[PDB]
Amino acid sequence: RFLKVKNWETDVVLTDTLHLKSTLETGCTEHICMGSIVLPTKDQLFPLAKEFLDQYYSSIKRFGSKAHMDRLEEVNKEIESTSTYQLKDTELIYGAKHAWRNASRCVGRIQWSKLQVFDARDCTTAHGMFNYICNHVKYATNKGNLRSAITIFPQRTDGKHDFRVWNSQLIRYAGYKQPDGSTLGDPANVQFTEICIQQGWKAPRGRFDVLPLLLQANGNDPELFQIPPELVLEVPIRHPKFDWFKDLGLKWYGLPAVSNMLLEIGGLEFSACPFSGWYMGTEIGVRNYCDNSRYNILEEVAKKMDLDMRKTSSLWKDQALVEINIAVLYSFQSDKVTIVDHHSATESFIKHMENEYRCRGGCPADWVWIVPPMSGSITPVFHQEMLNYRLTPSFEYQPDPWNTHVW
Amino acid sequence: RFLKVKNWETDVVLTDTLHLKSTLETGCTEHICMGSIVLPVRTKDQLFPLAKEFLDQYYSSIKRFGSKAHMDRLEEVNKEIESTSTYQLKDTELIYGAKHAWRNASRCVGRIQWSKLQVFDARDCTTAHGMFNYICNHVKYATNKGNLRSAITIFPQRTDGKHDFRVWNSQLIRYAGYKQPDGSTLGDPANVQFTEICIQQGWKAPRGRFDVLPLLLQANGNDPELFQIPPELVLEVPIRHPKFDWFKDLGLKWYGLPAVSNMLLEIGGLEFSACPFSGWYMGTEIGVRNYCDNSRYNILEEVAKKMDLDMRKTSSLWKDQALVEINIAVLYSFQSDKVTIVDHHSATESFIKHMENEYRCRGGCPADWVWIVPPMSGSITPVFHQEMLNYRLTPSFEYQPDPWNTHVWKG
Ligand code: HEM
Ligand code: HEM
Ligand SMILES: Cc1cc(N)nc(CCc2cncc(CCc3cc(C)cc(N)n3)c2)c1
Ligand SMILES: Cc1cc(N)nc(CCc2cncc(CCc3cc(C)cc(N)n3)c2)c1
Ligand SMILES: C[C@H](O)[C@H](O)[C@H]1CNc2nc(N)[nH]c(=O)c2N1
Ligand SMILES: C[C@H](O)[C@H](O)[C@H]1CNc2nc(N)[nH]c(=O)c2N1
Ligand SMILES: [Cl-]
Ligand SMILES: [Cl-]
Ligand SMILES: [Cl-]
Ligand SMILES: [Cl-]
Ligand SMILES: [Zn+2]
Ligand SMILES: [Zn+2]
Ligand SMILES: [Zn+2]
């Protein structure tokens, strides 16, 4: 009921009490751990609202106050009357900051309280959404000195008037199946690209084509918009010692902006809530560039490097991996675009985790996602026991809208 | 019920039914996942059910379920339990049991090899001197002059818990660690406490960087005794690098035989508290963990210094660069000396093949992703993108506390 986590490198032991406030299910049982699985009415709404408002009023040290009770009654009356309720601006900002605070898969949470929240609950059309998103993109990008932000569109009502950004991220590259059988561009985005084409997008059919936004307002059919090219900060990739590296023709965008998740605050559901921070280098250099099902460049790089690729035990893959990741960081740094390396990011997270244990009684964390996808054990998170559990407010997975939507 | 796992690189989806045979608990609940927590005297009543479950599994495996021999064996074991409170495994059941504990070991990436285990039955052993002899034979057999062979030696099972056989070493072969008065450590910091015990017990420590520890062996609940493994039986590999000539002057070496000696083997409810087992190394165990952990030999700085990497900022990835070179050195040195070793790409590729085979033929393969994914270059191995289900099957290997914490000293 009170739980210990140990760091096996430093022998430091921390006590988690926060997990007692956990709410949703993990997918694990006493018989089986699903720790590595990626995806494991009025009546229910009021308890959800109360749980949230209690934590809000507690955070501003006015728990059990008249303003606390009065707000609880107000929301209760509004739910009884309208079947939903509206968050105060202050509650919206608090909720969004805490959904990030509670994101157990995010290594970057030391930043959680600095989030800029853009209230877009007055948005009514896909054109309005496009405007709000361009403004987010420009604010967050900030000419390369990136600032974390979320833009929050109107909440779900009857679930047939949902706001959705159909893209997985605000900025991502198109993927295309070739007559060859190969894939051009990013294979992760093949399905989305075809939907864009079928909705009328004129595709350049290149390796790095920024996708258009496909925006859905008020449950209407989604519309296409091109983000002003000048708002999309991109970085050409070069290496500080290998001059041939630039000839691979690689680039990536500076702004990681997740746009397919659902923000739940106080039982209310924000189905369009694009949010952004800045990259950890491995996300580009390890995942985006080296996953077999992504740009899959390891072979080409190793070849240019003149490595012995006859045997796995020469560690040619591992050598090329490091060099690709060196180049990502170098390129971002030279262009003054915010980026963090995995050593720095994980050190920061351990510091954050100790803060959270000390001031909050715990910090839900998913080791499988927190440990970087390269050089795991030489980062301080590897030896850190973590407890994974679900707190609200939260960011949740949601199905792709093209399965859900009826045209 | 059917449970699905997906591979996110290939989209291949497997279905697990084996989890239905799971019994022991995980540490997890619907409210908390303890997937990254390292650690999350029986009655007759509890014992016969464990026995029956085991023997039903054994007899099914040999295509003799419900046969006269199956029923006769159940009857024989039942009667043995009622009159003696325990029972003895037949040699065939022991072999099967030990093989299955390995097959069921969810943290083991090397399980493709599970059916090839050499089982040494040491259940006739009575003294620490007897244990020493058995352990030397195991070492010599498993080493096989570098052509390593997997093996387990099984000492008498627990009776009342007052007469346990224990190997006090964590591994049969490991290097001493010495805490200096200035707070630094000589040799391996993982073994400081056990080294101190050995010394207190009368070991004359050479006090160098790579001193093979003596065996500390407890037979039949008696106080443990010290023995030195004959040095000619301890195969070691000097570490050098194929291109960097100065790497040898770091003075590094490692032993070839990884042999876990502190775990408990449970078969059919019986508890084998001394069951040392060995295979061969995956290179990253030495190159990543043993050499580069900050609380182990911690060599990353010295190596990167010698490579003249820019060490003023972590974002040059100097640590990652030195890490790869060290791991290249380990594999190169082992291969050059013809001592069995497996790289993490080969080992993980083999594991995924093993795993898919297990799903097909067995209905599943319990696996602990946290341990299976190698400690460097995680996502460029095929296990990273593989969903896994972790659950506990018996026969099994289990953690047991270090014996100096529990031992009642005779004097
Ligand atoms: C400011 C710098 C940030 C850094 C360096 C960072 C880092 C990361 C990384 C490395 C991941 C896992 C990457 C992957 O596996 O795809 C992740 C996941 C995540 N982060 Fe962050 N993050 C940052 C900001 C944010 C912000 C601003 C939010 C929300 C306001 C957020 C919420 C999340 C969520 C919900 C996940 C899991 C997403 C999923 O399941 O797909 N993070 N973060
Ligand atoms: C034959 C070659 C083998 C290879 C390459 C191999 C590989 C490994 C590795 C890399 C680990 C994780 C250990 C760590 O990182 O400290 C491990 C764990 C383990 N293996 Fe193996 N293994 C092999 C053979 C065996 C054998 C013969 C057995 C028993 C008969 C065994 C049973 C186990 C168990 C029980 C664990 C978990 C240990 C713990 O929790 O401390 N393995 N294996
Ligand atoms: C099936 C599935 C489930 C799930 N929960 N998430 C995903 C998307 C995983 C994913 C892939 N690439 C990128 C991201 C974003 C990671 C990310 C997000 C932010 C805000 C900052 C930052 N530095 N990095 C997330 C897929
Ligand atoms: C606290 C704790 C718990 C636990 N379950 N295991 C340990 C020890 C883990 C451990 C540490 N170093 C080494 C090993 C050996 C793993 C190993 C075993 C075998 C047989 C072959 C092979 N290649 N590798 C295991 C510690
Ligand atoms: C806290 C964390 O679970 C712990 O450090 C684990 C992680 N994965 C591991 N994996 C292996 N193979 N060996 C280990 O010792 C560990 N340590
Ligand atoms: C199957 C496995 O859980 C899956 O590949 C996960 C592993 N860890 C990850 N960790 C991060 N940060 N991002 C990911 O996409 C994944 N994928
Ligand atoms: Cl990845
Ligand atoms: Cl991935
Ligand atoms: Cl390690
Ligand atoms: Cl470790
Ligand atoms: Zn779990
Ligand atoms: Zn990946
Ligand atoms: Zn380690």
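First listed ligand is number 1; within each ligand, the first listed atom is number 1. Every heavy atom of this structure was used, including side-chain atoms; hydrogens, water molecules and symmetry mates were not. Reminder, nothing fancy here: chain letters follow the sequence lines and each chain counts from 1.
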**OP:** May I ask you to check whether B:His385 and A:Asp291 show a side-chain donor-acceptor distance below 3.5 Å?
**Re:** yes
**OP:** Ignoring hydrogens, just give me the one of A:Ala103, A:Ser168, A:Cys106, A:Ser344 whose non-hydrogen atom is nearest atom 22 (N) of ligand 1.
**Re:** A:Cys106
Original post:
Relative to the heavy atoms of A:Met280, which atoms of ligand 1 are at a distance of less than 4.0 Å?
Top reply: 10 (C)
**OP:** Check the surroundings of atom NZ in A:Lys6: do more than 12 heavy atoms from other residues, nucleotides or ligands lie under 6.0 Å from it?
**Re:** yes
Original post:
Between B:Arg103 and B:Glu358, is there a side-chain N and carboxylate O pair less than 4.0 Å apart?
Top reply: yes
Original post:
B:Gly279 heavy atoms, cut-off 4.0 Å: which ligand 2 atoms fall inside?
Top reply: 1 (C)
**OP:** Name the closest protein heavy atom to atom 18 (C) of ligand 2, giving the residue it belongs to and the distance to 0.1 Å.
**Re:** B:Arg107 O, 3.8 Å
Original post:
Would A:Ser259 and A:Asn167 count as having a side-chain donor-acceptor pair, cut-off 3.5 Å?
Top reply: no
Subject >> Side-chain H-bond candidate by donor/acceptor type, A:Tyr173 with A:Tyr295, under 3.5 Å >> reply: no
**OP:** Under 4.0 Å, heavy atoms only, figure out whether ligand 1 is touched by the backbone of A:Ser276, its side chain, both or neither.
**Re:** backbone
Original post:
Tell me: protein heavy atom nearest atom 14 (C) of ligand 1, and distance?
Top reply: A:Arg287 NH1, 3.3 Å
Subject >> For atom 3 (C) of ligand 1, closest protein heavy-atom neighbour >> reply: A:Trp278 O, 3.7 Å
Original post:
Among A:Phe349, A:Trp369, A:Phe275, A:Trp100, whose heavy atom sits nearest atom 12 (C) of ligand 1?
Top reply: A:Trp369
Original post:
How about B:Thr153 and B:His138: does a side-chain donor come under 3.5 Å of a side-chain acceptor?
Top reply: yes
Original post:
Are B:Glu398 and B:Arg392 within salt-bridge range, i.e. N to O under 4.0 Å?
Top reply: yes
**OP:** Select one of side chain, backbone, both or neither to describe which atoms of B:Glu285 lie under 4.0 Å from any atom of ligand 2, heavy atoms only.
**Re:** side chain
**OP:** Could you find the nearest protein heavy atom to atom 35 (C) of ligand 1 and give me its residue, atom name and distance?
**Re:** A:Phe395 CB, 3.7 Å
**OP:** Flag B:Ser150 as yes when one of its N or O atoms lies below 3.5 Å from any N or O atom of ligand 2, and as no otherwise.
**Re:** no
Original post:
Taking C-beta and beyond as the side chain, do A:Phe153 and A:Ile133 meet within less than 4.5 Å on heavy atoms?
Top reply: yes
**OP:** Using only heavy-atom distances, determine whether the side chains of A:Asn388 and A:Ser104 contain a donor-acceptor pair under 3.5 Å.
**Re:** yes
**OP:** Distance to 0.1 Å, residue and atom name: give those for the protein heavy atom nearest to atom 7 (C) of ligand 1.
**Re:** A:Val107 CG1, 3.7 Å
Subject >> atom 41 (O) of ligand 2: the protein heavy-atom neighbour that sits closest, reported with distance to 0.1 Å >> reply: B:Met263 SD, 4.1 Å
